[PDB]
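Residue numbers (the entry's author numbering): -6 to 46, 49 to 154, 158 to 334, 340 to 378, 388 to 437. The beta carbon of each residue, even a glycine, is placed where N, CA and C say it ideally should be. Notes to accompany the following structure.
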Ligand SMILES: O=P(O)(O)O[C@@H]1[C@@H](OP(=O)(O)O)[C@H](OP(=O)(O)O)[C@H](O)[C@H](OP(=O)(O)O)[C@H]1OP(=O)(O)O
Ligand SMILES: Nc1ncnc2c1ncn2[C@@H]1O[C@H](COP(=O)(O)OP(=O)(O)O)[C@@H](O)[C@H]1O
Ligand SMILES: [Mg+2]
Ligand SMILES: [Mg+2]
Ligand SMILES: [Zn+2]
C-alpha cells in the first residue's frame, strides 16, 4: 500500500511543448498531435484556439465570453451562457446544443486541460514554420487562454492491427434554399448551390487555383451513385474539403489550407501510398479506396443527420438578417417594399430564427473524419477484404452572433458576382 497524491487537474507547462507536433488548423483552431508516451495523451490531439490579430467586454470593461445579446440568444441552457471561457463554452455548446440534435455516437465535446501561457507561446513558436504563411499572417495562438481541448486523434485506431487510413471531408452546405425572402434578381440561389457560386468568388480572390468539381448536393443526396461521384470529385479537386492521412500523415490534401488539383504525379504518389492497405492491382488501389470511402460514409448515415441541422437555416440569410436587426434593437438597414413581415414577429420568434441560423452555420462548417484499418465494417466486392471503420464529427464551433452582418455581406457579394458572370457570358 502506497500513498498517492490527491486528484489535481492536469496543467501542460512550457516543458511539455516538445511533446506536441503540428497536425493542422482551420480558420479558428490549431491542432497538434501528441508525440510522447504518457497514457493521458497517446492517441489524442490538442486543439488550441487562435486569436485574430477586438475583444468582447462587459459593461464594466471586463473581458467576456458572450455579449449580452449572445447570452440571451443561447439562454435556454444555463451552463452554456455561464461559461467562464471559450473552451468551456464550446464544450457546453457541443454537449447541450449539438449532441441533442446530432446524437453522441459520432460527436465528442472533448475534455479541457489547463495550459500555461508559456506552453501556448512555445507551441506557437514550435509550429510556425509548418503553418501556411497566409494562416500565420491572419492569426496565431491566443496565448491569453488558460485552457485547451483534448480530443481523440481520429487518424489512429489505437487502444488491433497495423496501418490506419483516415479521411477528412468538409462537406459544406448540402441543400438549396427556398425562402420567400430571396428576391427575384437573386433567384439563381434557389437553383445553384452556395458552394458552386462561392467557387467563382474564391477564384477572383486567388483563394483557389481552379474551380472544384465537388458538388455537395451529390454528397447529401442519399443516393450512393452520387455519393461516390462526390468522393471522386473531392479526390480530383480536394481544395480544403478532402484530406487523407496514413497513420496520421498527410498523403492527399493541404496542410492547414486548400491544395490544388490532383495531378497524375500526385495521383501516382497516392496510388503507391496505398500499397499494402488496399490489396489490389497497380493502377487500381485508388479506385478501390474511393469506393471504400463512399461506402463507409453512405453506410453510416451521418450525412442525413447533419443535413437536418443545416436545414435549420429555414429562411436563408436573406430572411434571417431581418430578425438579427430586431434582435439587436437596431433599425434595419436592409429594408429601404420588402417582405418585412419578419419584423412583425414576436421577440422569441426572431430569437429562435437567428439561433437556429447559427446552429445551421455550425453544421455547414464542420468536418467528418472516417478512420480505416484492415479487419462497423465495409467489404470490397473486388478485393474481398474487410475494413473496420469509425466516423466522427469534428469542428462544431459556436458561431458569433455579430457575424450575421458578415454572413449577409458575403451572400450579397456571392450571388451578385455570380449573376454578373451569367450576364457577361
Ligand atoms: O463562410 P464560408 O462558408 O466560406 O465558411 C468559412 C470557411 O470557408 P470555406 O468556404 O469552407 O473555405 C473557412 O474555411 P478556411 O478558413 O478557408 O479553411 C472557415 O471555416 C470559416 O470559419 P472560421 O473563420 O474558422 O470561423 C468559415 O466561416 P463560417 O461561414 O463557417 O463562419
Ligand atoms: N479530433 C481530431 N482528430 C484528428 N484530426 C483532427 C481532429 N480535430 C481536428 N483535426 C484536424 O485539424 C484541423 C483543424 O481542426 P478544426 O476543429 O476543423 O479547426 P477550425 O475550427 O480552425 O477549422 C482539421 O481540419 C483536421 O484535419
Ligand atoms: Mg475546421
Ligand atoms: Mg471552425
Ligand atoms: Zn428588415
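Check	Outcome
Buried versus exposed, by CB contacts within 10 Å (16 or more), residue 283	buried
Among 230, 170 and 415, nearest to residue 306 - alpha-carbon criterion	170
Distance cut-off 7 Å: residue 256 Cβ against heavy atoms of ligand 6	As presented, the structure is devoid of ligand 6, carrying ligand 1, ligand 2, ligand 3, ligand 4 and ligand 5 as its sole ligands.
Segment contact, 8 Å Cβ cut-off, at least three pairs: the segment 265 to 278 with the segment 391 to 398	yes
Cβ contact (3+ pairs, closer than 8 Å) linking the segment 119 to 136 and the segment 362 to 378	no
CB contact flag (residue 321, residue 345, <8 Å)	yes
C-alpha gap between residue 291 and residue 201, whole angstroms	28 Å
Uninterrupted alpha helix (DSSP H) stretches inside the segment 172 to 224 (no shorter than 4 residues)	192 to 202 and 214 to 217
Below 7 Å from a heavy atom of ligand 4 - residues by beta-carbon	19, 20, 21, 22, 368, 407 and 409
Check: residue 374 C-beta below 7 Å from any heavy atom of ligand 3	no
Whole-angstrom C-beta distance between residue 17 and residue 253, which should lie under 8 Å	6 Å
Enclosing beta strand (DSSP E) for residue 372 [first to last residue]	370 to 377
Residue 148 beta carbon less than 8 Å from that of residue 246	yes
Three-state class that DSSP yields for residue 72 in the structure shown	coil
Stretch-stretch touch, CB-based, cutoff 8 Å, three pairs: the segment 28 to 35 with the segment 132 to 139	no
Which listed residue (86, 108, 301 and 113) has its alpha carbon closest to that of residue 219	301
Alpha helix (DSSP H) segments (min. 4 residues) lying fully within the segment 233 to 307	262 to 271 and 283 to 298
Coil, strand or helix - residue 52 by DSSP	strand
Nearest-angstrom Cα separation, counted from residue -1 out to residue 326	48 Å
Per-residue burial, residue 228 [other beta carbons within 10 Å of its own, 16 or more giving buried]	buried
Exposure label - residue 262; buried when at least 16 CB within 10 Å	exposed
At least 3 beta-carbon pairs within less than 8 Å: the segment 169 to 188 vs the segment 76 to 84	no
Alpha-carbon to alpha-carbon, residue 1 and residue 217	46 Å
Whether residue 142 touches residue 122 by CB criterion (8 Å)	no
Whole-angstrom C-beta distance between residue 375 and residue 163, which should lie under 8 Å	4 Å
Secondary structure of residue 365, DSSP reduced to three states	helix
Terminal residues of the beta strand (DSSP E) in which residue 17 lies	13 to 18
Cut-off 8 Å between Cβ atoms - residues of its own chain near residue 264, not counting five sequence neighbours on either side	250
DSSP-derived helix/strand/coil call for residue 356	helix
When 97, 86, 72 and 184 are compared against residue 383, the one with the closest alpha-carbon	Note on the chain: consecutive modelled numbers read 378 then 388, so residue 383 has no coordinates in the structure shown.
Residue from 74, 350, 182 and 352 whose Cα sits closest to the Cα of residue 316	182
Distance cut-off 7 Å: residue 348 Cβ against heavy atoms of ligand 5	no
Contact set for residue 260: own chain, Cβ-Cβ below 8 Å, skip 5 residues either direction	233, 234, 235, 236, 250 and 268
Neighbourhood of residue 198 by C-beta distance below 7 Å, restricted to the same chain and skipping five residues each side	429, 430 and 433
Whole-Å CB distance - residue 356 paired with residue 422, under 8 Å assumed	So it is not a contact: roughly 19 Å between Cβ atoms.
Nonlocal neighbours in the same chain, by C-beta distance under 7 Å from residue 401, ignoring five residues either side	294, 373, 374, 375, 388, 389 and 390
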